[PDB]
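The structure under discussion appears below in the form of structure tokens.
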Amino acid sequence: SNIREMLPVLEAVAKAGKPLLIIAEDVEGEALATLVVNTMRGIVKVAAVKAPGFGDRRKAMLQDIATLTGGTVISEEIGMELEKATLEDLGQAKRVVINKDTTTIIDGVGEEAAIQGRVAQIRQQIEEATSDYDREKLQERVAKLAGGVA
Amino acid sequence: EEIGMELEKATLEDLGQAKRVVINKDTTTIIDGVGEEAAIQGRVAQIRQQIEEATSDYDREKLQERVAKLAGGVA
Amino acid sequence: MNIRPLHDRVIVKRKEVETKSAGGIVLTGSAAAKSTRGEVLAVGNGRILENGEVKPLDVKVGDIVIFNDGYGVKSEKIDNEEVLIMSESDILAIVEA
Amino acid sequence: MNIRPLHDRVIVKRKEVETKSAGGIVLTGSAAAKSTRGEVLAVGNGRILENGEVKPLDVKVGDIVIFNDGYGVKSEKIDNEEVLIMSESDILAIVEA
Amino acid sequence: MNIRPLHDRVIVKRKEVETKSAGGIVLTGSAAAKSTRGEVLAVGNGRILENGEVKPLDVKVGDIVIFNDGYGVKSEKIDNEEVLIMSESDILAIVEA
Amino acid sequence: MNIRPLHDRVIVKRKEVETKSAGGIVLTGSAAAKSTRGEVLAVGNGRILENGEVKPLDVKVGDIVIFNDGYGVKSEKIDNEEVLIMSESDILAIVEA
Amino acid sequence: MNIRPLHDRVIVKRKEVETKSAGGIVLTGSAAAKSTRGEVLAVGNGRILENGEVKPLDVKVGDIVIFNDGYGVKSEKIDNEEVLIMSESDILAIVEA
């Protein structure tokens, strides 16, 4: 909201001259209004979208997005702060596609060992007593991480 | 008001122009605003995505009405 | 018409609030903040305290100053423009060079 | 008949409120506001505070002044006209030629 | 473009906030506390109270001091960084060694 | 190694809180109460009020005193120990014999 | 040990509260009240105001006094007894003979 502060992170990207993609619980008009004008004159090309859903649900799926793109998740809850984060902590992707109801990333740049490692930790998740519902949602993450969804 | 603009912040040049308008207790009409065709068509061109919409019912009905007013007629 | 201050009173005008130059070339809009910089339009005769003579003010007309916007600061409209009225004590510093 | 103010009291009369000339040739209606400008009809002997003598007022009869309409400002009716009574401290500035 | 303080005003800058050395080896994150230590960037002429002369400030430029961050303390940003402005009275002590 | 207080400021350290010797043999638990007794670690130059001379403090270094723990009492950490900073006015009495 | 008050401080002890002999030869219950009478245990040097000398306290040690139990009255425990600490101004009168 008034949580606009994070300028040095923002300008670092401006210095870079590259577009910025933002994933968080929510973004309010104060941040969006300035963002729109900054993008319009070509200072920065930046668009923001909302996280997957429920607190535990979105938080759980944030690490894979970051690791897949080689980025770092900002732990507000833990040892990290809004401003506290370098440009290098940001994830990188070839391009993204955004529409009114959907967000897509063509290809984040991350190491295969990290991609597989995310998948490897999933194996405990795969063989689960709960089975119904737990596996269905879980597999969807899995397919997105390295496979495909039909 | 929401974005990079303010109440006072606006020059007379910002204001649009028209030949004349007609106003009554329940209706407002503009005889002819003066604007370029490229802008009129450009508004219409962006409407084509709006035209081809999955919802169809209600979405198209209101949408078409704007379209007719922008370059055609309403009967 | 213009204004003549009544000793120890200085009339100054406020400068732009949160000018869009913060953090670089970034345009920063006004989001609940006020400007403490001003220009000295008028100078009063001086302090009348302790009876012995009147002491002259340390600020000349046309100076650029930094001041504390407190209770001692009053607002009036002159020639349909906003001005500030405060004592010498309320002005914290002078911007020079 | 006229009135004689007592030391450190100044009798002034209020000028027109929200005169229709704001913004140029634009006519400004009354936004429930009141005029802060007046003329000095009478001058008191001076301040009798600190002890050393009596100090004369810095406002001469017939001056045009700007003042703060506070509690210290009282209203009286003389010769069926409205007048204001306030101390020297209340009058912030003088409008000159 | 530096800043010259006006008599009895001292310009200082705040040090690191809630440094993680409290309790012991343990590193304590900032819960929501603010640092009271600072460095003196500039020194004003002195106190002008009671007419006769001006009394000099007891703090030399470049000192490391401990102060009470009260209403009197004000914040301004010059050369794109944060500074604090307060009187001599607000500074409680000097750190020496 | 140590801190030098400014004039009219006295640095003292607080003594034991709700000491377990109340009523004689009986041990009294601490039920939300704080000790008012301290020791004077340092003495400032003295009061500088009303120009003429600087008046010396009435408290010696190393004295045991009783004081009013009010707003005027500040807390600092010296060599990882708790200290209190207050004026002479805040110290109510001296414990002797 | 014993206590030595600092200048303009008087240490006194409170007398019996709601003593039974009120309104005649009547034993009266302690419905809800306190005693304003005390004895002066110790005397401070005196008031230290306006520079020129220190004015001695009018009340000698061992006097029986009447006082106003206000904010200025503080309570401490000495040798397992309750005492009151207040200034000269607080004690209204002296009971004699």
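Quick one: net charge around A:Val44, please, counting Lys, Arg +1 and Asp, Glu -1 for every other residue with C-beta under 11 Å from its C-beta.
Within the 11 Å Cβ shell, the charges total +3.
What nm distances, shortest first, do you get from the label point of G:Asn2 to those in the other copies when the point sits 7 angstrom along Cα to Cβ?
Values, ascending and in nm: 3.1, 6.1, 7.6, 7.7.
Using the charge dipole of the protein assembly as shown (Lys, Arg: +1 at Cβ; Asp, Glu: -1 at Cβ; taken about the Cα centre), state which of D:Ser87, B:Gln41, D:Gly29 has its Cα farthest towards the positive end.
B:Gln41
Please express the shape of chain E as an equivalent ellipsoid: the semi-axes are the square roots of 5 times the eigenvalues of the C-alpha gyration tensor, given largest first in whole angstrom.
29, 15, 12
With charges set only on the Cβ (+1 for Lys and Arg, -1 for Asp and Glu), what does the dipole of the protein assembly as shown come to about its Cα centre, in debye to the nearest 20?
The dipole of the protein assembly as shown has a size of about 560 debye.
For chain F, set up a GNM with springs between Cα atoms under 10 Å and report which of F:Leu41, F:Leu57, F:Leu84 has the largest fluctuation.
Maximum among the listed residues: F:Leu57.
If you take each beta carbon of peptide F:89-95 and count the beta carbons of other chains within 10 angstrom, what is the mean?
Taking all residues of F:89-95 together, the mean is 5.
Of the options A:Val109, F:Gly44, C:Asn68, report the single residue whose Cα projects farthest towards the positive end of the charge dipole of the protein assembly as shown (beta-carbon charges: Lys, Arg +1; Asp, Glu -1).
Most positive-ward Cα: A:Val109.
When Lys and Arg each count +1 and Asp and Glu each count -1, what net charge do the other residues less than 14 Å away from B:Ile31, Cβ to Cβ, add up to?
Its environment carries a net charge of +2.
Hey, for G:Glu81 with labels 7 Å out along Cα-Cβ, what do the inter-copy distances come to in nm, ordered shortest first?
3.4, 6.3, 7.6, 7.8
To the nearest 20 Debye, how big is the dipole of chain C about its Cα centre, given +1 on the beta carbon of each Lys and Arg and -1 on that of each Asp and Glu?
The calculated dipole for chain C is roughly 180 debye.
Cα centroids of region E:56-97 and region B:28-52: how far apart, whole angstrom?
62
Build a GNM of chain E with springs between Cα atoms under 10 Å: which of E:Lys77, E:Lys60, E:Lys34 gets the top mean-square fluctuation?
Maximum among the listed residues: E:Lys77.
Which FRET efficiency value, to the nearest 0.05, do you get for C:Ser87 and C:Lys15 by plugging their Cβ-Cβ distance into 1/(1 + (r/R0)^6) with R0 = 22 Å?
The computed FRET efficiency comes out at 0.65.
Using 10 Å bins from zero, what percent of all Cα-Cα pairs in region E:14-68 falls into each bin?
Whole-percent P(r) values from 0 Å outward: 20, 32, 24, 14, 8, 1.
So if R0 is 56 Å, what FRET efficiency would D:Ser75 and B:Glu8 give, r being the distance between their Cβ atoms, rounded to the nearest 0.05?
0.95
What is the total of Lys pairs in chain G with C-alpha atoms under 22 Å apart, excluding same-chain pairs fewer than 8 positions apart?
Count of close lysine pairs: 12.
When each copy gets a label point 7 Å from Cα toward the beta-carbon at E:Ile25, what are the spacings between them in nm, shortest first?
E:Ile25 label point versus its equivalents elsewhere: 4.5, 5.0, 8.2, 8.4 nm.
Applying 1/(1 + (r/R0)^6) with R0 = 41 Å to the Cβ-Cβ distance of D:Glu53 and F:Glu53, what FRET efficiency is obtained, to the nearest 0.05?
0.85
Please identify which residues in region F:60-78 have an amide N closer than 16 Å to a label point set 7 Å out from the Cα of F:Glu96, following the Cα→Cβ vector.
Answer for region F:60-78: F:60-66.
Rounded to the nearest 20 debye, what is the charge dipole size of chain B about its Cα centre when +1 sits on each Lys and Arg Cβ and -1 on each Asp and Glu Cβ?
About 380 debye.
How many percent of the alpha carbon pairs in the protein assembly as shown exceed a separation of 50 Å?
Cα-Cα pairs of the protein assembly as shown separated by over 50 Å account for 48 percent.
Report the closest approach of any chain E C-beta to the axis of the E-to-C rotation: residue and distance, in whole angstrom.
Nearest Cβ to the rotation axis, residue and whole-Å distance: E:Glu50, 8.
Once you mark the GluC sites (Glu not before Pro) that are in a DSSP loop and have at most 16 other Cβ atoms within 10 Å, what is the longest gap between them in chain G?
Longest site-free region, per DSSP loop and neighbour criteria: G:54-95.
Mind listing the long-range amide H neighbours of C:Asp63? Cut-off is under 5 Å, sequence gap 5 or more, other chains count too, H placed in the peptide plane at 1.01 Å from N.
C:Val40
Identify which of G:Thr28, G:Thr19, G:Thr36 has the largest mean-square fluctuation in a Gaussian network model of chain G, with springs joining Cα atoms closer than 10 Å.
Top of the fluctuation ranking is G:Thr28.
Let me have the relative contact order for chain C, percent, based on Cα pairs under 8 Å that are six or more residues apart.
30
Among A:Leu87, A:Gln63, A:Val97, pick out the residue whose Cα is farthest towards the positive end of the charge dipole of region A:53-99, where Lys and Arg carry +1 and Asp and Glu carry -1 on C-beta, about the Cα centre.
So the residue furthest toward the plus end is A:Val97.
With a sphere of radius 9 Å drawn around the Cβ of C:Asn2, what net charge do the other residues whose Cβ falls strictly inside it have (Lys, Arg +1; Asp, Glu -1)?
Net local charge, C:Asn2 excluded: -1.
Taking every pair of alpha-carbon atoms in region F:57-97, give the share separated by more than 16 Å as a whole percent.
When all Cα pairs of region F:57-97 are counted, 42 percent exceed 16 Å.
Rule-based calculations on the coordinates, nothing more; no lab input. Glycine also receives a Cβ, built like all others from the backbone with ideal geometry; neighbour counts cover every protein chain displayed.
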